[PDB]
Number of protein chains: 4
Amino acid sequence: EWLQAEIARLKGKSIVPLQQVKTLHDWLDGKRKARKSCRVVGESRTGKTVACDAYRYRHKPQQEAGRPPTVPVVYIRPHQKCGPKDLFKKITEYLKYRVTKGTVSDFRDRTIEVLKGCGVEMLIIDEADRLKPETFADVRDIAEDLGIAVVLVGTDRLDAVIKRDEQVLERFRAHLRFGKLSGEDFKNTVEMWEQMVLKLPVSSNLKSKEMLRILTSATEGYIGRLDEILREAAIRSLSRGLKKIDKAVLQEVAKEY
Amino acid sequence: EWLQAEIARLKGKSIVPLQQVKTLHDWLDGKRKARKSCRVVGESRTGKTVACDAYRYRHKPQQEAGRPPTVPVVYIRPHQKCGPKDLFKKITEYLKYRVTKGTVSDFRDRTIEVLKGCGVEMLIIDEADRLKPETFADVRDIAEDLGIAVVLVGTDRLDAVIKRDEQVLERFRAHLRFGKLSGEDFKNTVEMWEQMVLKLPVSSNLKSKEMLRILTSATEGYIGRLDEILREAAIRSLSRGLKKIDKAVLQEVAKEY
Amino acid sequence: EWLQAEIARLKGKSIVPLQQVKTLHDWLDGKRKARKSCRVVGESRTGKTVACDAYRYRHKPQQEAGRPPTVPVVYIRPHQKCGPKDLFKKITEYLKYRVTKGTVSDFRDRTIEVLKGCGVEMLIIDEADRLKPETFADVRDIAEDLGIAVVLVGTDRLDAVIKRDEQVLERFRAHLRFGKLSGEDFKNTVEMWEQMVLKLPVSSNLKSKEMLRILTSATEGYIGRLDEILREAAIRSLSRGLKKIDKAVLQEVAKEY
Amino acid sequence: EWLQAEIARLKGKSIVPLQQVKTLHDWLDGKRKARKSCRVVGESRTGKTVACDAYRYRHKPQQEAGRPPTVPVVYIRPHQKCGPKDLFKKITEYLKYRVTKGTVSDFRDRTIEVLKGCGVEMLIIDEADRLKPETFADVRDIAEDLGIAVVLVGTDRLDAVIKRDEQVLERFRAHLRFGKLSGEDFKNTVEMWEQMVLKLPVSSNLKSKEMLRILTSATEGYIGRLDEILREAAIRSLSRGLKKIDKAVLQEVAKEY
DNA sequence: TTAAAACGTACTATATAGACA
DNA sequence: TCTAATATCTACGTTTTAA
Ligand SMILES: Nc1ncnc2c1ncn2[C@@H]1O[C@H](COP(=O)(O)OP(=O)(O)OP(=O)(O)O)[C@@H](O)[C@H]1O
Ligand SMILES: Nc1ncnc2c1ncn2[C@@H]1O[C@H](COP(=O)(O)OP(=O)(O)OP(=O)(O)O)[C@@H](O)[C@H]1O
Ligand SMILES: Nc1ncnc2c1ncn2[C@@H]1O[C@H](COP(=O)(O)OP(=O)(O)OP(=O)(O)O)[C@@H](O)[C@H]1O
Ligand SMILES: Nc1ncnc2c1ncn2[C@@H]1O[C@H](COP(=O)(O)OP(=O)(O)OP(=O)(O)O)[C@@H](O)[C@H]1O
Ligand SMILES: [Mg+2]
Ligand SMILES: [Mg+2]
Ligand SMILES: [Mg+2]
Ligand SMILES: [Mg+2]
């Protein structure tokens, strides 16, 4: 059924080429080329994870005849309170090696071997605040002993964690600030979402003054809020047999925040 | 419906470029250029807040890609009995940073860190008389360690607070006094309100010298009285089916003060 | 461009060798030789901080290869409500050490260890009235257990704090008073500013009675008022296109105080 | 392409004969002659690891007939929370003995066996604060049982760790303080970096008053920051087809710190 | 079986830092 | 005046290994 297909589409996710994504990718290309360790910092739901995820797809593994893959970018998200072994597990699994059970030292040695062997040059650690204090020493050694740019991605909680150890603070001084949407950039973003994400049979004109006021108030400039509001409002409108987001459906969703 | 929209327009606030606002804005430009700390003082409802608010909107943040915003002017109104962590939290949140739970020393260092880098050069503290005596020492250190023109705004209750601390009084001697207004510029201001603010379909002729008399007696030269009387007179007159504000309604309002 | 460069200079700070600075330095040199604790007291904006900075800058940290630096004079300004660890952190970070997380006892032992070996002989605590009552016991123990001249600096607020602990009062009772300027010294100080600080392209003649009499009334002999008035007056005169401070701008500034 | 060769060079590392490196090496020569155990302490990114690693390249293993190679200096960096087995493994592996599986007592006896006969006379343990308090007993026994100068290297955290064991503290009392760069030595280092490290087609004149202020603000005297900033600024400038680091690029890099 | 090495997480003993009366 | 809490700071001992 068309409705079930449209709900299945709007239910999911998609990547939109926002300008802050291009900013990050160009900045990560510099840091990867200079092989330079750094941090990406920005408040929650500003889009940091989707942007870093888009970067590893742009720099997918590359192949040579009869050789292991070169994997320039490794992207991992640690689990909460990540110790050394869980960091080493995360990295080696991303490189597609099922490391046989063993000591932390055995996991460390195998991780160094595959980080060298697969030609990894950038290691993005998303939610780096989830690392234990003892684990940043292993992250620093990967940065120092190998020619690898390590990127710590997090909120202002990461900035607070990093300040607790001079040796991490001084290795990750360079930062990019991921920011909220506002002003005309927000209005351009709303229009892109209508045309590219929602793709409803009839134009909703979300950029118009009253609609834009509702969205500005409810989203507060978070791209996470903008995406979740408009997708649910699109699903509610189509479930009611409407061909567009209507103002009443939008305010009804916006009133839940 | 006509009425509900215009009532909602009159129910909201507006800004008008009065000569007092223009005078303050030039004075603040001099102080910001010189990095001179100073105070703005004057009776309630003389328009100090609206003038200081308009100054930050005229000097809005500049964004550049992947950096924290360049924010030349920060404007804060402290909560009552503001301590130092409250003050630091206000400044960091204005600069679009989330505070992380920590000591006063941690909040201080994070605020000093982002007052740099965001490139702040003026800090306006509206109703500075809400500051605890201990937090004035952090205000003074922001003014002294960084190149920041701190502007204290308040009534004469601010002058009472700062005269009790020698070191605060001497740092904030330079001041501008907001005045109540009467006669010619008052007559112009009344005319400016009926021209630019009330926007009623039919002329109220508040320029009339007898209408100016009753407004002189009630508004007593306070712009915050003048605005509130005319706005209240508009809503009553429109709701009573009148195209106009006239003395029969205007003096019913004016007698209410 | 011309205007921005001279303004960016004039909004800065500069240190003029007043006789008030020399008498402090010759006094602190005698106190340092005797290792004698004492206090410097005087009204706000009399130049106490700038003179103590000048003394600290004449007695530089001396490097010796691979040794910790020999630092004869430490200068600290406590933050407000300075407790023992706050004091110890500021001392040990003035010497080129990081604090490690630890107890008050760990911070004390490390501070006493580095005040020795850095060879400290005078400690200046500027705005010593910010010290908590409890932390004066550690200040007294530094002055008693090591042969260190502790110099407390503040206004009459310091005498109000000190007199409430007779053990502190009786150790820091030797004092020096910073005065208001007056007379021929005030005339001589004004003469220096336009040629040693302002250096506008044309003479301002600030010594002339019609200027000198206004500056007397506006500054009252506070060196901080004298400096900040003339710097702002030069900046405003330049911004109007003038080669010099005119008395019209001098009156335009002096009326703001 | 020439650009890829220069970026590949600038992306790397090099050892500059800084005077503090010479100061350390002269000190380690005295301690190695005396077989005296000691510690090296200084802030993060001050160059301690580069200077220690440079020492064990001067004192590389010997080639000798019919006898195992004399290796005067062993250098190891423990992994985080290094226990004694991991200590012994790193020492034997540095001496190129592939020690098999065994008990800790086997690893101990085999380490003591190869520290003799290789004729080791100095052992440098970098990041010595990573040692468990139980493995410090084996370090002390290496220094006591054999005539070996053990050098413990770390930041101020190492001083705190050593304080917690009387028997370690009294064996490593002698120390060298590795320092930050400042003053004329910083200007000399920026000059040395442009000549010896960046080797760009045209002089960047980074020693100049304008550039030296930008570098001092960003570098704060940390050699680690100096090297990172200048190499990345070079790579940015060459990628833009400049022949040198322009101030516009240097400020653009420095704005990230 | 027999060291003995590696390693998840508990019932505790304190050492503060600071919103309020 | 007097707390919750975010740790520190060892131990609880319990698995895993290989010999
Ligand atoms: N580039 C994008 N294109 C489309 N949707 C996006 C994009 N960036 C963010 N979103 C939407 O915003 C949501 C939140 O983004 P994201 O997961 O990247 O946040 P984050 O900044 O990593 O947050 P947190 O710090 O809380 O983990 C996404 O799940 C998606 O709905
Ligand atoms: N320039 C202006 N343009 C339009 N309305 C104004 C202006 N100045 C004042 N008002 C009106 O007067 C009211 C009071 O002004 P404002 O809030 O600036 O006073 P204030 O001096 O900051 O007062 P207080 O000292 O009591 O806090 C405003 O909320 C608005 O209704
Ligand atoms: N010797 C000097 N040369 C030039 N300017 C000076 C000198 N002394 C004081 N000033 C000016 O006066 C200002 C105030 O001086 P300073 O900070 O030393 O005063 P203070 O007595 O320590 O004040 P407070 O007690 O308020 O902290 C300086 O920032 C500077 O503008
Ligand atoms: N002598 C040198 N010549 C060239 N570059 C140097 C030199 N010393 C330091 N560096 C640069 O500074 C960086 C930091 O130096 P190093 O690793 O030796 O610091 P560290 O003091 O051991 O730091 P930490 O205590 O944080 O581990 C180096 O990786 C290199 O980029
Ligand atoms: Mg995320
Ligand atoms: Mg107000
Ligand atoms: Mg002072
Ligand atoms: Mg190191």
Side-chain angles (χ1 to χ4, degrees), chain A residues 160 163-164 166 169, chain B residues 83-89 92 99-113 115 132-142 144-146 167, chain C residues 37 39 49 52-53 56 71 73-115 118 120 122-146 148 150-154 157-158 161-162 164-165 168 172, chain D residues 43 156-157 159-160:
Chain A
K163 278 176 165 63
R164 297 175 196 156
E166 64 172 302
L169 181 63
Chain B
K85 275 170 67 179
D86 303 329
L87 172 67
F88 296 146
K89 180 172 163 66
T92 51
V99 296
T100 304
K101 296 207 305 179
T103 65
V104 181
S105 302
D106 305 316
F107 273 65
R108 185 180 290 107
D109 285 1
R110 184 55 164 185
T111 303
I112 293 171
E113 179 179 68
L115 283 172
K132 290 182 178 179
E134 57 264 46
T135 197
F136 273 102
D138 277 310
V139 175
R140 287 165 41 225
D141 291 356
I142 287 161
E144 190 160 340
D145 296 333
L146 298 95
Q167 293 181 109
Chain C
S37 297
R39 70 186 195 300
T49 290
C52 284
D53 266 348
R56 173 261 284 242
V71 182
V73 181
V74 174
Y75 171 95
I76 61 173
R77 188 228 297 144
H79 304 131
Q80 189 58 284
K81 296 298 207 292
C82 185
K85 279 194 300 194
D86 307 320
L87 179 80
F88 295 146
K89 180 174 161 70
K90 267 184 180 293
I91 294 168
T92 198
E93 292 183 356
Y94 184 91
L95 312 175
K96 303 303 194 180
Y97 298 90
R98 296 298 93 208
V99 292
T100 306
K101 295 281 81 169
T103 63
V104 182
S105 192
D106 302 314
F107 275 58
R108 184 184 292 106
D109 291 333
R110 183 55 167 182
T111 307
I112 302 301
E113 169 174 77
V114 303
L115 286 171
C118 287
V120 181
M122 172 170 282
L123 167 60
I124 303 176
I125 309 185
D126 201 345
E127 290 181 50
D129 57 293
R130 296 176 177 207
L131 274 47
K132 291 183 183 181
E134 70 193 341
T135 193
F136 281 97
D138 277 315
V139 176
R140 287 169 41 226
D141 289 357
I142 283 166
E144 197 163 340
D145 304 341
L146 305 96
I148 293 176
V150 178
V151 186
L152 305 184
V153 189
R157 278 178 49 75
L158 181 63
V161 167
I162 283 182
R164 281 177 276 201
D165 190 345
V168 179
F172 295 100
Chain D
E43 294 199 1
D156 281 302
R157 191 186 307 100
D159 282 341

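Order of the sequence lines sets the chain letters (A, B, ...), proteins ahead of strands, with each chain counted from 1. The basis for the numbers below is simple: all heavy atoms, side chains too, and nothing from hydrogens, waters or symmetry mates.
Interatomic distance, C:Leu87 CG to C:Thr92 OG1, rounded to the nearest 0.5 Å: 11.0 Å. Rounded to the nearest 0.5 angstrom, C:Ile76 CD1 and C:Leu123 CG are separated by 5.0 Å. The CD1 atom of C:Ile162 sits 9.5 Å away from the CG atom of C:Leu131 when rounded to the nearest 0.5 Å. Annotation: the span from B:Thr100 atom OG1 to A:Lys163 atom NZ amounts to 9.0 Å, rounded to 0.5 Å. Of the inter-residue distances, the one linking C:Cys52 atom SG with C:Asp126 atom CG reads 6.0 Å to the nearest 0.5 angstrom. For the atom pair CZ (B:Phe107) and NZ (B:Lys101), the distance works out to 9.5 Å, reported to the nearest 0.5 Å.
Applying the salt bridge (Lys or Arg N to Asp or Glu O under 4.0 Å) rule to C:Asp165 yields no partners; only residues at least two apart in sequence or on another chain are considered. With sequence neighbours left out, B:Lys89 forms a salt bridge (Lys or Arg N to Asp or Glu O under 4.0 Å) with B:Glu93. With sequence neighbours excluded, the residues that form a side-chain contact (heavy atoms from CB on, under 4.5 Å) with C:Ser37 are C:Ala143, C:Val150, C:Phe172. Judged as a side-chain contact (heavy atoms from CB on, under 4.5 Å), and not counting sequence neighbours, the contacts of D:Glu43 are A:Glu166, C:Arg98, D:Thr46, D:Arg177, D:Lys180, D:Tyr222. Scanning for side-chain contact (heavy atoms from CB on, under 4.5 Å) contacts around C:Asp53 gives C:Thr49, C:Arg56, C:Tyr57, C:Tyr75, with sequence neighbours left out. With sequence neighbours excluded, the residues forming a salt bridge (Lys or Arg N to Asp or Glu O under 4.0 Å) with C:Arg130 are B:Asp141, C:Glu127, listed by chain and number.
Using a 4.5 Å heavy-atom cutoff, the side chains of B:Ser105 and C:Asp86 are in contact. Two residues are said to be in side-chain contact when any heavy atoms from C-beta on lie closer than 4.5 Å; C:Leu152 and C:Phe136 meet this criterion. Looking only at side-chain heavy atoms (C-beta outward), B:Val104 and B:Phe88 come within less than 4.5 Å of each other.
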- Going through the distances and angles, do B:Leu115 and B:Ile142 end up as a side-chain contact (heavy atoms from CB on, under 4.5 Å)? CA-CA 9 Å; B:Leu115 283 172; B:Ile142 287 161; 4.1 Å; yes

- Walk me through it: do C:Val161 and C:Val168 pass the test side-chain contact (heavy atoms from CB on, under 4.5 Å)? CA-CA 9 Å; C:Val161 167; C:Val168 179; over 6 Å; no

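When every heavy atom of B:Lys85 is checked against every heavy atom of B:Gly102, the shortest pair comes out as NZ-O, 3.5 Å. What you find for C:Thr111 and C:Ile91 is that their closest heavy atoms are CG2-CG2, 3.8 Å. Nearest approach of C:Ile125 to C:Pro78, heavy atoms of both residues: CG2-CD, 3.6 Å.
Listed by first and then second residue, the salt bridge (charged side-chain N to carboxylate O under 4.0 Å, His left out) pairs involving residues 102-111 of chain B are A:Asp156-B:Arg110, A:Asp159-B:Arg110, B:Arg108-B:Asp138, B:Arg110-B:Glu113 (not counting sequence neighbours).
Heavy atoms of other residues, nucleotides or ligands lying less than 6.0 angstrom from NZ of C:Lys90 number more than 12.
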